[PDB]
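Participant: Dumping the structure here so I can ask a few things about it.
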Amino acid sequence: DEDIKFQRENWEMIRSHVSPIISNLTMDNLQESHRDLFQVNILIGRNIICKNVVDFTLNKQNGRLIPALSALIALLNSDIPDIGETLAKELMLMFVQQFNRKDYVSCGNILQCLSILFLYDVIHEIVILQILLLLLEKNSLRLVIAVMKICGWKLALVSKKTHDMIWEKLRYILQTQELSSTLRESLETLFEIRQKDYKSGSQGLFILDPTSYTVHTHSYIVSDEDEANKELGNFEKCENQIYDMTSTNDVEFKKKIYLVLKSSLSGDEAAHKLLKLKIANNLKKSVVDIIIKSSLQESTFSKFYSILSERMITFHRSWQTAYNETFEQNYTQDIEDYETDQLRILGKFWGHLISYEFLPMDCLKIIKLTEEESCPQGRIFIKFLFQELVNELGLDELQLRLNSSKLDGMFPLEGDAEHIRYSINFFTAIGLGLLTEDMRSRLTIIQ
Amino acid sequence: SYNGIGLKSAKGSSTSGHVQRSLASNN
Amino acid sequence: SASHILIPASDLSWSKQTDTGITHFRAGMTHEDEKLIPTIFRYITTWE
């Protein structure tokens, strides 16, 4: 019969849809998992969707995924109360079976599920407490602590008076009665958390607003024969904006940094005033650009902007990357606009930070000395840079740092003799030719 | 707190005496 | 103005001993609505 045939693969595919959704259920995937789950006929696969939750819980690979699982149930209980209505039933009997079985591993699996569901208002506080009365009627203490660690936060909010009575009997356990040792230390840890207020039993996937979960708080008691509806998981036979072309927010910020920068006496004062403002990290690249441009209005290099920039870098590492990003942004882009009076300010400015290791020598590797990838004003910037390296460090100490720098831009060694003839001709034009002793040995071998 | 820094008083100083730590001097 | 400036205050007991550096700032001139009045030391290029 083709109708039994059609319904069976329909029953199969629904069963083969729910099981990979539950096996892929995780936090930040809950909403996409629930969406796809909604389009499959949940109501026809009523016990199928329940049993796939129960078995994925029980398996003991999970337990970790229990709050992810319980959050889906509250979504389902919000959407269809009957789904959570049936699913809360099976978890009661699974507890009652394994408590009677004394399967301590499987009990705690169910109890973590029942705890979180109470955290997600699926089930009533009543059904929780009576389990607690049964467990505390025997010892059962390994089970009951994992319950109260996760649920006692919400439970003391809702049912404080009876909950306090649970603690008072629980407190009578430790002090006036003798207990096995390993169990006992776990019991007093609960007391410790109790002063600590439960702040590590109160984190999970509260996706649903308290009015977006339709409040089907199922009031079922673990003393109610619960109809154990395994049968619906069998197969059957249904005969059934304004665009911003202006930057006036930036200009009022660009004025405020300039007014800080002119109202100070020393560079340590202007540095503290810029660190007082607590500038956000997207603007700290722009604050360096206001400092450099205001250093070019000065018409002469100043030690003010150096010791300003030194206290920026040693404060936090995000200022140090901001000067590293600006030194590349100045050399590769901004050299074409700058006059030769402004380039002697910058080369002495960047020459000062490099000679005192506020910027590394590896930032000089970006600069390349060729005929092609060189500017006539860029060679002027290199000239005033190396002079501040010579005057501060000396000619021997600068020789040591350039050998440790292993750069290829200033120093071509692998070949291309027209570039070696270029760089010797450029460095001797600066007035520093003692460093070109390596290249002239490389040049005459090529000849 | 007055950890050896600041003024004996702000009366004859013609300032407020407000001391704030230099965020620039750290290391 | 030359006095709307944070004045460096640094540990007068130990500032006579060594050069402490600028560790703290004293306020220079006080006003209800905060104005950062510039000072001519930023406008006069130094001798060096």
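In the structure tokens, the first chain shown is A, the next is B, and so on; residue numbers restart at 1 for each chain, and ligands run from 1 in the order shown.
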Near chain A, meaning an atom within 6 Å, which residues of chain C appear when counting only C-alpha atoms? Write them as a PyMOL selection string.

Facilitator: chain C and resi 5+36-39+42

Participant: Go ahead and dump the residues you just picked, N, CA and C atoms, as an mmCIF file, in the first residue's frame.

Facilitator:
```cif
data_model
loop_
_atom_site.group_PDB
_atom_site.id
_atom_site.type_symbol
_atom_site.label_atom_id
_atom_site.label_comp_id
_atom_site.auth_asym_id
_atom_site.auth_seq_id
_atom_site.Cartn_x
_atom_site.Cartn_y
_atom_site.Cartn_z
ATOM 1 N N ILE C 5 47.912 76.158 33.898
ATOM 2 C CA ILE C 5 48.913 75.131 33.644
ATOM 3 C C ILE C 5 48.985 74.248 34.876
ATOM 4 N N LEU C 36 40.404 75.744 28.640
ATOM 5 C CA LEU C 36 41.831 75.482 28.465
ATOM 6 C C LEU C 36 42.465 76.678 27.764
ATOM 7 N N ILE C 37 42.825 77.672 28.564
ATOM 8 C CA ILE C 37 43.425 78.896 28.024
ATOM 9 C C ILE C 37 44.862 78.603 27.605
ATOM 10 N N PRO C 38 45.264 78.949 26.386
ATOM 11 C CA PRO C 38 46.630 78.663 25.944
ATOM 12 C C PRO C 38 47.639 79.566 26.628
ATOM 13 N N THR C 39 48.897 79.135 26.576
ATOM 14 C CA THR C 39 50.015 79.830 27.197
ATOM 15 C C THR C 39 51.111 80.038 26.164
ATOM 16 N N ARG C 42 53.931 77.686 24.463
ATOM 17 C CA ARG C 42 53.653 76.934 23.250
ATOM 18 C C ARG C 42 53.766 77.776 21.986
#
```

Participant: Should the cut-off be 12 Å, what would the residue list for chain C against chain B look like, counting only C-alpha atoms, as a PyMOL selection string?

Facilitator: chain C and resi 3-15+20-32

Participant: Show me, as a PDB file with C-alpha atoms, in the first residue's frame, every residue of chain A with an atom at most 10 Å from chain B, counting only C-alpha atoms.

Facilitator:
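Ended up saving to part27.pdb:
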```pdb
ATOM      1  CA  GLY A 267      55.228  67.451  27.332  1.00  0.00           C
ATOM      2  CA  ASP A 268      54.504  65.497  30.506  1.00  0.00           C
ATOM      3  CA  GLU A 269      51.564  67.827  31.165  1.00  0.00           C
ATOM      4  CA  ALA A 270      50.074  67.441  27.685  1.00  0.00           C
ATOM      5  CA  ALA A 271      50.554  63.679  27.888  1.00  0.00           C
ATOM      6  CA  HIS A 272      48.670  63.424  31.182  1.00  0.00           C
ATOM      7  CA  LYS A 273      45.911  65.638  29.786  1.00  0.00           C
ATOM      8  CA  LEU A 274      45.497  63.337  26.776  1.00  0.00           C
ATOM      9  CA  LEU A 275      45.520  60.241  28.987  1.00  0.00           C
ATOM     10  CA  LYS A 276      42.963  61.884  31.286  1.00  0.00           C
ATOM     11  CA  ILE A 307      58.249  63.460  25.145  1.00  0.00           C
ATOM     12  CA  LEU A 308      54.509  63.734  24.498  1.00  0.00           C
ATOM     13  CA  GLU A 310      57.034  58.816  24.476  1.00  0.00           C
ATOM     14  CA  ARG A 311      54.509  58.901  27.312  1.00  0.00           C
ATOM     15  CA  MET A 312      51.743  57.799  24.935  1.00  0.00           C
ATOM     16  CA  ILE A 313      53.597  54.643  23.881  1.00  0.00           C
ATOM     17  CA  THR A 314      54.658  53.519  27.360  1.00  0.00           C
ATOM     18  CA  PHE A 315      51.117  53.982  28.700  1.00  0.00           C
TER      19      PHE A 315
END
```

Participant: Please provide the set of residues having any atom within 10 Å of residue 183 (chain A), restricted to only C-alpha atoms, with same-chain residues fewer than 5 positions apart removed, written as number ranges by chain.

Facilitator: A: 139-142, 145, 188

Participant: Please determine, counting only C-alpha atoms, which residue among A:358, A:284, A:292, A:397 has the shortest atom-to-atom distance to residue 330 (chain A).

Facilitator: A:292

Participant: From a DSSP calculation on the backbone, collect every residue of chain C in helix (DSSP H, G or I) and output the set as number ranges by chain.

Facilitator: C: 12-15, 40-42

Participant: Tell me, in Å to one decimal, how far CA of residue 50 (chain A) is from CA of residue 125 (chain A).

Facilitator: 21.7 Å
